[PDB]
Structures are given as C-alpha cells and as structure tokens.
file upload.cif (mmCIF, N, CA and C atoms)
data_entry
#
loop_
_atom_site.label_atom_id
_atom_site.label_comp_id
_atom_site.auth_asym_id
_atom_site.auth_seq_id
_atom_site.Cartn_x
_atom_site.Cartn_y
_atom_site.Cartn_z
N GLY A 456 156.37 95.49 110.09
CA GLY A 456 157.22 95.59 108.87
C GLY A 456 156.42 95.94 107.64
N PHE A 457 156.80 97.03 106.98
CA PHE A 457 156.12 97.47 105.77
C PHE A 457 156.91 98.56 105.05
N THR A 458 157.65 98.16 104.02
CA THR A 458 158.46 99.10 103.25
C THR A 458 157.82 99.38 101.90
N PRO A 459 157.90 100.64 101.42
CA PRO A 459 157.32 101.03 100.13
C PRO A 459 158.09 100.45 98.95
N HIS A 460 157.40 99.67 98.12
CA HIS A 460 158.02 99.05 96.96
C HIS A 460 157.83 99.92 95.72
N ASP A 461 156.68 100.58 95.63
CA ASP A 461 156.38 101.44 94.50
C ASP A 461 155.80 102.78 94.97
N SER A 462 156.38 103.87 94.48
CA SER A 462 155.92 105.20 94.85
C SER A 462 156.66 106.27 94.06
N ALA A 463 155.94 106.96 93.18
CA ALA A 463 156.54 108.02 92.37
C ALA A 463 155.67 109.27 92.37
N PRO A 464 155.78 110.09 93.43
CA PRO A 464 155.00 111.33 93.56
C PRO A 464 155.13 112.22 92.33
N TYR A 465 156.27 112.13 91.66
CA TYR A 465 156.53 112.93 90.47
C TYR A 465 156.26 112.12 89.20
N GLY A 466 155.31 111.20 89.29
CA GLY A 466 154.97 110.37 88.14
C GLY A 466 153.70 110.83 87.45
N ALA A 467 152.81 111.45 88.20
CA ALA A 467 151.55 111.94 87.65
C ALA A 467 151.62 113.44 87.37
N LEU A 468 152.34 113.81 86.32
CA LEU A 468 152.49 115.21 85.95
C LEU A 468 151.24 115.71 85.23
N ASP A 469 150.79 116.90 85.60
CA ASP A 469 149.61 117.50 84.99
C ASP A 469 149.63 119.02 85.11
N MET A 470 149.35 119.70 84.01
CA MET A 470 149.34 121.16 83.99
C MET A 470 147.95 121.71 84.33
N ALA A 471 147.08 120.85 84.86
CA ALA A 471 145.74 121.27 85.23
C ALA A 471 145.76 122.04 86.53
N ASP A 472 146.66 121.66 87.41
CA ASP A 472 146.79 122.32 88.70
C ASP A 472 147.14 123.79 88.52
N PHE A 473 147.82 124.10 87.42
CA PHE A 473 148.20 125.47 87.14
C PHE A 473 146.98 126.31 86.81
N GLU A 474 146.22 125.87 85.81
CA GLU A 474 145.01 126.58 85.42
C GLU A 474 143.95 126.44 86.50
N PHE A 475 143.99 125.30 87.19
CA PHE A 475 143.04 125.04 88.27
C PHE A 475 143.41 125.85 89.50
N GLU A 476 144.71 126.03 89.75
CA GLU A 476 145.13 126.81 90.90
C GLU A 476 144.82 128.29 90.69
N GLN A 477 144.75 128.72 89.43
CA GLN A 477 144.43 130.11 89.13
C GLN A 477 143.01 130.40 89.57
N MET A 478 142.09 129.51 89.23
CA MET A 478 140.72 129.67 89.67
C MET A 478 140.66 129.31 91.15
N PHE A 479 141.81 128.88 91.67
CA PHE A 479 141.95 128.48 93.06
C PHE A 479 142.86 129.42 93.84
N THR A 480 142.94 130.67 93.42
CA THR A 480 143.79 131.63 94.11
C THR A 480 142.95 132.77 94.66
N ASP A 481 142.74 132.73 95.98
CA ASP A 481 141.95 133.74 96.68
C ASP A 481 140.62 133.98 95.97
N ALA A 482 139.69 133.05 96.15
CA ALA A 482 138.37 133.15 95.53
C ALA A 482 137.33 133.59 96.55
N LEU A 483 137.76 134.35 97.55
CA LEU A 483 136.86 134.84 98.59
C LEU A 483 137.16 136.30 98.93
N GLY A 484 136.13 137.13 98.88
CA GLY A 484 136.30 138.54 99.19
C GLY A 484 135.83 138.89 100.59
N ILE A 485 135.91 137.92 101.49
CA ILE A 485 135.49 138.14 102.87
C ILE A 485 136.69 138.43 103.77
N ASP A 486 137.71 139.06 103.20
CA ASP A 486 138.91 139.40 103.95
C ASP A 486 138.79 140.78 104.58
N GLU A 487 139.86 141.23 105.23
CA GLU A 487 139.87 142.54 105.87
C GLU A 487 138.80 142.62 106.96
N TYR A 488 138.73 143.76 107.63
CA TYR A 488 137.75 143.97 108.69
C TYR A 488 137.95 142.96 109.82
N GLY A 489 138.93 143.23 110.68
CA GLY A 489 139.20 142.33 111.78
C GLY A 489 140.25 141.29 111.44
N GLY A 490 139.94 140.03 111.73
CA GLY A 490 140.87 138.95 111.44
C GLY A 490 140.19 137.60 111.36
N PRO B 1 125.11 117.02 108.91
CA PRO B 1 126.35 116.82 108.11
C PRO B 1 127.17 118.10 108.01
N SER B 2 127.25 118.84 109.11
CA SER B 2 128.00 120.09 109.15
C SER B 2 129.50 119.83 109.01
N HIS B 3 129.92 118.61 109.34
CA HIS B 3 131.34 118.24 109.25
C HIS B 3 131.54 117.03 108.37
N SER B 4 130.57 116.78 107.52
CA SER B 4 130.62 115.65 106.60
C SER B 4 129.98 116.01 105.27
N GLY B 5 130.51 115.46 104.19
CA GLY B 5 129.98 115.75 102.88
C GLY B 5 130.62 114.90 101.81
N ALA B 6 130.11 115.00 100.59
CA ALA B 6 130.64 114.23 99.48
C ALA B 6 131.43 115.12 98.52
N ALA B 7 132.68 114.75 98.29
CA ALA B 7 133.55 115.51 97.40
C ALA B 7 134.47 114.59 96.61
N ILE B 8 134.83 115.02 95.41
CA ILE B 8 135.72 114.24 94.56
C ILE B 8 137.18 114.56 94.88
N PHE B 9 137.94 113.53 95.21
CA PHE B 9 139.35 113.70 95.55
C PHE B 9 140.24 112.97 94.55
N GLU B 10 141.34 113.60 94.18
CA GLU B 10 142.27 113.01 93.22
C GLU B 10 141.55 112.66 91.93
N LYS B 11 140.47 113.39 91.64
CA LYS B 11 139.69 113.17 90.44
C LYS B 11 139.07 111.78 90.46
N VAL B 12 138.57 111.40 91.63
CA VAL B 12 137.93 110.11 91.82
C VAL B 12 136.77 110.24 92.81
N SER B 13 135.55 110.16 92.28
CA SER B 13 134.33 110.28 93.09
C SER B 13 134.49 109.65 94.47
N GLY B 14 134.20 110.44 95.51
CA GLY B 14 134.32 109.95 96.87
C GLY B 14 133.54 110.79 97.87
N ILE B 15 133.83 110.57 99.15
CA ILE B 15 133.16 111.29 100.22
C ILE B 15 134.15 111.80 101.27
N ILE B 16 133.81 112.91 101.92
CA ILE B 16 134.68 113.50 102.94
C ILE B 16 134.06 113.43 104.33
N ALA B 17 134.93 113.33 105.34
CA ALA B 17 134.51 113.29 106.73
C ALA B 17 135.47 114.11 107.59
N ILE B 18 134.94 115.10 108.30
CA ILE B 18 135.77 115.96 109.14
C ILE B 18 135.83 115.45 110.58
N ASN B 19 137.04 115.42 111.13
CA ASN B 19 137.24 114.96 112.50
C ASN B 19 137.55 116.13 113.42
N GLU B 20 136.56 117.00 113.61
CA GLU B 20 136.72 118.17 114.47
C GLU B 20 136.66 117.78 115.95
N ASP B 21 136.29 116.53 116.22
CA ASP B 21 136.21 116.05 117.59
C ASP B 21 137.60 115.79 118.15
N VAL B 22 138.54 115.50 117.25
CA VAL B 22 139.91 115.24 117.64
C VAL B 22 140.67 116.54 117.85
N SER B 23 141.60 116.54 118.81
CA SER B 23 142.39 117.72 119.12
C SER B 23 142.98 118.36 117.85
N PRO B 24 143.83 117.62 117.12
CA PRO B 24 144.47 118.12 115.89
C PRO B 24 143.46 118.53 114.82
N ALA B 25 142.21 118.07 114.96
CA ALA B 25 141.16 118.39 113.99
C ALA B 25 141.64 118.20 112.56
N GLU B 26 141.19 117.13 111.92
CA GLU B 26 141.59 116.84 110.55
C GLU B 26 140.40 116.46 109.68
N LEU B 27 140.63 116.46 108.37
CA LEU B 27 139.60 116.11 107.40
C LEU B 27 139.99 114.81 106.70
N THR B 28 139.14 113.79 106.81
CA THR B 28 139.42 112.50 106.20
C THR B 28 138.47 112.23 105.04
N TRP B 29 139.03 111.83 103.90
CA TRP B 29 138.22 111.53 102.72
C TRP B 29 138.56 110.16 102.15
N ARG B 30 137.53 109.46 101.68
CA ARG B 30 137.71 108.15 101.07
C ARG B 30 136.87 108.02 99.81
N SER B 31 137.34 107.20 98.88
CA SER B 31 136.60 106.98 97.64
C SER B 31 135.16 106.57 97.95
N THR B 32 134.29 106.65 96.95
CA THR B 32 132.89 106.28 97.15
C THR B 32 132.77 104.82 97.52
N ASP B 33 133.70 104.03 97.01
CA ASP B 33 133.74 102.61 97.28
C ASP B 33 134.89 101.97 96.50
N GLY B 34 136.05 102.63 96.54
CA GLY B 34 137.21 102.12 95.83
C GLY B 34 138.34 101.73 96.75
N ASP B 35 138.00 101.34 97.97
CA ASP B 35 139.01 100.94 98.96
C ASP B 35 140.16 101.93 98.99
N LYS B 36 139.84 103.19 98.73
CA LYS B 36 140.83 104.25 98.72
C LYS B 36 140.61 105.18 99.91
N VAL B 37 141.64 105.93 100.27
CA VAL B 37 141.55 106.85 101.39
C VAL B 37 142.50 108.03 101.22
N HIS B 38 142.13 109.14 101.84
CA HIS B 38 142.94 110.36 101.80
C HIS B 38 142.61 111.23 103.00
N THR B 39 143.59 111.43 103.87
CA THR B 39 143.39 112.22 105.07
C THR B 39 144.43 113.33 105.17
N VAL B 40 143.98 114.51 105.60
CA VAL B 40 144.87 115.65 105.76
C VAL B 40 144.69 116.29 107.13
N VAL B 41 145.79 116.72 107.73
CA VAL B 41 145.76 117.35 109.05
C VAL B 41 146.29 118.77 108.98
N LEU B 42 145.60 119.69 109.65
CA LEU B 42 146.01 121.09 109.67
C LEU B 42 147.48 121.24 110.04
N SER B 43 147.95 120.34 110.90
CA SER B 43 149.35 120.37 111.34
C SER B 43 150.29 120.55 110.15
N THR B 44 149.85 120.09 108.97
CA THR B 44 150.64 120.21 107.76
C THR B 44 150.02 121.23 106.81
N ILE B 45 148.72 121.46 106.99
CA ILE B 45 147.98 122.41 106.18
C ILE B 45 147.39 123.52 107.06
N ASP B 46 147.73 124.77 106.76
CA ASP B 46 147.23 125.88 107.56
C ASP B 46 146.46 126.90 106.73
N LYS B 47 145.92 126.45 105.61
CA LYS B 47 145.13 127.33 104.75
C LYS B 47 144.23 126.54 103.81
N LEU B 48 143.03 127.07 103.56
CA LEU B 48 142.06 126.45 102.67
C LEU B 48 141.56 127.47 101.65
N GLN B 49 141.39 127.04 100.40
CA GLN B 49 140.91 127.93 99.34
C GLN B 49 139.67 127.35 98.67
N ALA B 50 138.57 128.10 98.71
CA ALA B 50 137.32 127.65 98.11
C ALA B 50 136.86 128.62 97.02
N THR B 51 135.94 128.17 96.18
CA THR B 51 135.42 129.00 95.10
C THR B 51 134.35 129.96 95.61
N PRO B 52 133.98 130.97 94.80
CA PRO B 52 132.96 131.95 95.18
C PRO B 52 131.56 131.35 95.24
N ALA B 53 130.65 132.04 95.91
CA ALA B 53 129.27 131.58 96.03
C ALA B 53 128.54 131.66 94.70
N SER B 54 128.79 132.72 93.95
CA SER B 54 128.16 132.92 92.66
C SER B 54 128.52 131.80 91.69
N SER B 55 129.68 131.20 91.91
CA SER B 55 130.15 130.11 91.07
C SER B 55 129.34 128.84 91.31
N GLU B 56 129.54 127.84 90.45
CA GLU B 56 128.82 126.58 90.58
C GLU B 56 129.78 125.39 90.47
N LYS B 57 131.05 125.63 90.78
CA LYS B 57 132.07 124.59 90.71
C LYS B 57 132.15 123.83 92.02
N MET B 58 131.78 124.49 93.12
CA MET B 58 131.81 123.88 94.46
C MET B 58 133.08 123.05 94.66
N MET B 59 134.17 123.71 95.03
CA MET B 59 135.44 123.02 95.26
C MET B 59 136.43 123.88 96.03
N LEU B 60 137.27 123.24 96.84
CA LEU B 60 138.28 123.96 97.61
C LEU B 60 139.57 123.16 97.74
N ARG B 61 140.68 123.88 97.79
CA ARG B 61 142.00 123.26 97.93
C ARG B 61 142.65 123.73 99.22
N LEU B 62 143.36 122.83 99.88
CA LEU B 62 144.03 123.17 101.14
C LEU B 62 145.53 123.22 100.96
N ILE B 63 146.12 124.24 101.55
CA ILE B 63 147.55 124.48 101.47
C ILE B 63 148.30 123.74 102.57
N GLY B 64 149.50 123.27 102.24
CA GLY B 64 150.32 122.57 103.22
C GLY B 64 151.25 123.51 103.95
N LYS B 65 150.69 124.63 104.40
CA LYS B 65 151.42 125.68 105.13
C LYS B 65 152.88 125.82 104.71
N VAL B 66 153.35 127.06 104.68
CA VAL B 66 154.71 127.35 104.30
C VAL B 66 155.45 128.08 105.40
N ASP B 67 156.78 127.98 105.39
CA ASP B 67 157.61 128.63 106.39
C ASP B 67 158.29 129.87 105.82
N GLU B 68 157.50 130.74 105.19
CA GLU B 68 158.03 131.97 104.63
C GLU B 68 158.79 132.75 105.69
N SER B 69 158.40 132.55 106.95
CA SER B 69 159.05 133.22 108.06
C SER B 69 159.28 132.26 109.22
N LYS B 70 159.27 130.98 108.91
CA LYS B 70 159.49 129.94 109.91
C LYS B 70 160.52 128.91 109.43
N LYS B 71 161.06 129.13 108.23
CA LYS B 71 162.04 128.23 107.64
C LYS B 71 163.13 127.84 108.64
N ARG B 72 163.75 126.69 108.40
CA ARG B 72 164.81 126.19 109.26
C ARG B 72 166.16 126.27 108.56
N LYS B 73 167.23 126.26 109.35
CA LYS B 73 168.58 126.33 108.81
C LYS B 73 169.17 124.94 108.61
N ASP B 74 170.27 124.88 107.86
CA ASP B 74 170.94 123.62 107.60
C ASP B 74 172.45 123.77 107.73
N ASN B 75 173.00 124.83 107.14
CA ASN B 75 174.43 125.09 107.20
C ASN B 75 174.81 126.29 106.34
N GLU B 76 174.09 126.47 105.25
CA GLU B 76 174.34 127.58 104.33
C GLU B 76 173.95 128.92 104.96
N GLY B 77 173.05 128.87 105.93
CA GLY B 77 172.61 130.08 106.59
C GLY B 77 171.32 130.62 106.01
N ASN B 78 171.08 130.33 104.74
CA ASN B 78 169.87 130.79 104.06
C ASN B 78 168.62 130.32 104.79
N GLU B 79 168.74 129.17 105.45
CA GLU B 79 167.63 128.57 106.20
C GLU B 79 166.30 128.73 105.47
N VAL B 80 165.94 127.73 104.68
CA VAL B 80 164.71 127.75 103.91
C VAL B 80 163.92 126.45 104.09
N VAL B 81 162.62 126.53 103.87
CA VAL B 81 161.74 125.38 103.99
C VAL B 81 161.47 124.75 102.63
N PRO B 82 161.45 123.40 102.55
CA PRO B 82 161.20 122.69 101.30
C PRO B 82 159.94 123.19 100.60
N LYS B 83 159.73 122.74 99.37
CA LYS B 83 158.57 123.15 98.59
C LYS B 83 157.27 122.68 99.25
N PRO B 84 156.36 123.61 99.57
CA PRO B 84 155.08 123.28 100.20
C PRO B 84 154.28 122.26 99.40
N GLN B 85 153.37 121.57 100.08
CA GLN B 85 152.54 120.57 99.45
C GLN B 85 151.07 120.81 99.78
N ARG B 86 150.30 121.18 98.76
CA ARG B 86 148.88 121.45 98.93
C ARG B 86 148.03 120.44 98.16
N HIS B 87 146.77 120.30 98.56
CA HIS B 87 145.86 119.36 97.91
C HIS B 87 144.60 120.08 97.42
N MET B 88 144.00 119.57 96.35
CA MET B 88 142.80 120.17 95.79
C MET B 88 141.75 119.12 95.45
N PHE B 89 140.50 119.38 95.84
CA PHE B 89 139.40 118.46 95.57
C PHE B 89 138.10 119.24 95.28
N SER B 90 137.16 118.59 94.60
CA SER B 90 135.90 119.23 94.24
C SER B 90 134.71 118.68 95.03
N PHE B 91 133.68 119.51 95.18
CA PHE B 91 132.47 119.13 95.89
C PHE B 91 131.37 118.71 94.93
N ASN B 92 130.28 118.18 95.48
CA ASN B 92 129.14 117.76 94.68
C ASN B 92 127.84 118.10 95.40
N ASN B 93 127.87 119.14 96.22
CA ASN B 93 126.70 119.57 96.97
C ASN B 93 126.90 120.98 97.54
N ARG B 94 125.82 121.75 97.60
CA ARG B 94 125.87 123.11 98.12
C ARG B 94 126.20 123.14 99.61
N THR B 95 125.53 122.29 100.38
CA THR B 95 125.74 122.23 101.82
C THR B 95 127.06 121.54 102.16
N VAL B 96 127.45 120.57 101.35
CA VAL B 96 128.69 119.84 101.58
C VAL B 96 129.88 120.79 101.65
N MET B 97 129.93 121.74 100.72
CA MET B 97 131.03 122.70 100.68
C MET B 97 130.96 123.68 101.84
N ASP B 98 129.78 124.26 102.06
CA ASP B 98 129.60 125.23 103.13
C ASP B 98 129.72 124.60 104.51
N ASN B 99 129.17 123.39 104.67
CA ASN B 99 129.24 122.72 105.96
C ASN B 99 130.68 122.53 106.39
N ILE B 100 131.50 121.97 105.51
CA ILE B 100 132.91 121.76 105.81
C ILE B 100 133.70 123.06 105.72
N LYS B 101 133.42 123.88 104.69
CA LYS B 101 134.13 125.14 104.52
C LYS B 101 134.00 125.98 105.78
N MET B 102 132.81 125.98 106.34
CA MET B 102 132.54 126.70 107.58
C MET B 102 133.30 126.04 108.73
N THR B 103 133.55 124.74 108.58
CA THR B 103 134.26 123.98 109.59
C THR B 103 135.76 124.28 109.50
N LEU B 104 136.31 124.11 108.30
CA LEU B 104 137.73 124.35 108.08
C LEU B 104 138.07 125.80 108.37
N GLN B 105 137.14 126.68 108.06
CA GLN B 105 137.32 128.10 108.30
C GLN B 105 137.61 128.37 109.77
N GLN B 106 136.98 127.59 110.65
CA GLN B 106 137.18 127.76 112.08
C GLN B 106 138.49 127.13 112.52
N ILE B 107 138.71 125.89 112.11
CA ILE B 107 139.92 125.17 112.46
C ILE B 107 141.13 125.90 111.90
N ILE B 108 141.06 126.26 110.62
CA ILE B 108 142.14 127.01 109.98
C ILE B 108 142.39 128.27 110.77
N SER B 109 141.29 128.89 111.18
CA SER B 109 141.34 130.10 111.97
C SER B 109 142.00 129.80 113.31
N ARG B 110 141.73 128.61 113.84
CA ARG B 110 142.31 128.20 115.11
C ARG B 110 143.81 128.01 114.99
N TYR B 111 144.23 127.25 113.98
CA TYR B 111 145.65 127.01 113.76
C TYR B 111 146.32 128.25 113.18
N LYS B 112 145.52 129.13 112.59
CA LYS B 112 146.02 130.37 112.02
C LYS B 112 146.17 131.43 113.10
N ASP B 113 145.32 131.34 114.13
CA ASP B 113 145.36 132.30 115.23
C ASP B 113 146.53 132.01 116.16
N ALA B 114 146.82 130.73 116.36
CA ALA B 114 147.92 130.32 117.23
C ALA B 114 149.25 130.87 116.74
N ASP B 115 149.53 130.65 115.46
CA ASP B 115 150.78 131.12 114.86
C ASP B 115 150.86 132.65 114.91
#
call {"tool": "encode", "arguments": {"input": "upload.cif", "output": "structure tokens"}}
result
Amino acid sequence: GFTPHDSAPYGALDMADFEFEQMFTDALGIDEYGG
Amino acid sequence: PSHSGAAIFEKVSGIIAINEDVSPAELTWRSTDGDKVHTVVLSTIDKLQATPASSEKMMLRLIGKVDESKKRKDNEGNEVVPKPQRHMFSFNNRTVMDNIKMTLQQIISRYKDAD
C-alpha cells in the first residue's frame, strides 16, 4: 500500500528548458552516411 | 567507468550509473548524497541529445520517444499520442559524457534499429 499524497509535475515551471533545449537541439554533426 | 559517470540531474549535483547489463538497458542516476534517485529506460526514451566536442558544457538530454507515426486511436479517429516527456542533465567530466554517450549511442541505436 502506497498512494501519492503530494505530486505536481506542473508545479516547477521554468523557461530555461526552452533556451536550454535550443542549445540542446541536434548538437551533433555525425549524421548521414549509413545509419 | 565506460557505463558510469558523474552528472548533475534536476539541477542537483549527483552521479549516473548505466545498466547495460540488463535486457531493457537503462540509465540510473542518484544525487551525490541526497537520498535522491532518478532512473530512465529506453522503453520510454528512444533518443539522446548531447553537446558538441568543441563545447565545454558537457551535457545531454534524453527524449521520451514520440509516436509521430505510432500514435494510438481513441474514438475521434485522429489517433494521437500524448505530449512526449524528455529529461535533461549536465555532466562534470570529459570521459563521463563520452563513456555514457558512447553507451547510450549504442543502446539508442539498438532500440532505434528495432523500430
């Protein structure tokens, strides 16, 4: 027995993931040539 | 430490441990000593994103795979998959990133090749 009493995934809002995801969008040029 | 390294998760200094020995192959991370834990399995994540070598940020984020062409139906017919869930964490060592990155690259490739 174990039920969640507190949990708010949408409680920690931050716009850092946006600017952070930008520097986190395809940062590798080792694509193409095969698979 | 080809499958182990130290990385900051949830903006909280910690360490990472890769479980490539297990069939599902997953990456488990825990705080440095904050009785905290964070584990992710490819089964939910089928992509990893890391920074360039020239950079000095040493960090990578993993995607919680999307069903752009695997979505399920409900009744409307549009059949779409909920909003994907990805995670992002930073490294604190040159080998730590490459050791695991090279690891995830294979596993991701494994789960990416199957699909």
call {"tool": "residues_near_point", "arguments": {"input": "upload.cif", "point": "(129.2, 113.7, 103.5)", "cutoff": "6 Å", "atoms": "only N, CA and C atoms", "output": "ChimeraX atom specification"}}
result
/B:4-6,15-16
call {"tool": "resolve_selection", "arguments": {"input": "upload.cif", "expression": "the PyMOL selection byres ((chain B) within 6.5 of (chain A))", "output": "PDB file with N, CA and C atoms, keeping the file's coordinate frame"}}
result
ATOM      1  N   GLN B  49     141.390 127.040 100.400  1.00  0.00           N
ATOM      2  CA  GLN B  49     140.910 127.930  99.340  1.00  0.00           C
ATOM      3  C   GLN B  49     139.670 127.350  98.670  1.00  0.00           C
ATOM      4  N   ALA B  50     138.570 128.100  98.710  1.00  0.00           N
ATOM      5  CA  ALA B  50     137.320 127.650  98.110  1.00  0.00           C
ATOM      6  C   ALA B  50     136.860 128.620  97.020  1.00  0.00           C
ATOM      7  N   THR B  51     135.940 128.170  96.180  1.00  0.00           N
ATOM      8  CA  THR B  51     135.420 129.000  95.100  1.00  0.00           C
ATOM      9  C   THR B  51     134.350 129.960  95.610  1.00  0.00           C
ATOM     10  N   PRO B  52     133.980 130.970  94.800  1.00  0.00           N
ATOM     11  CA  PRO B  52     132.960 131.950  95.180  1.00  0.00           C
ATOM     12  C   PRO B  52     131.560 131.350  95.240  1.00  0.00           C
TER      13      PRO B  52
END
call {"tool": "resolve_selection", "arguments": {"input": "upload.cif", "expression": "the PyMOL selection byres ((chain B and resi 33-46) around 6)", "output": "VMD selection string"}}
result
chain B and resid 14 24 to 32 47 to 48 62 to 65 108
call {"tool": "resolve_selection", "arguments": {"input": "upload.cif", "expression": "the PyMOL selection byres (((chain B and resi 1 and name CA) around 12) and name CA)", "output": "number ranges by chain"}}
result
B: 2-6, 15-19, 93-103
call {"tool": "select_by_dssp", "arguments": {"input": "upload.cif", "residues": "stretch 13-105 of chain B", "states": "strand (DSSP E)", "output": "number ranges by chain"}}
result
B: 14-19, 26-31, 37-41, 47-50, 59-63, 87-91
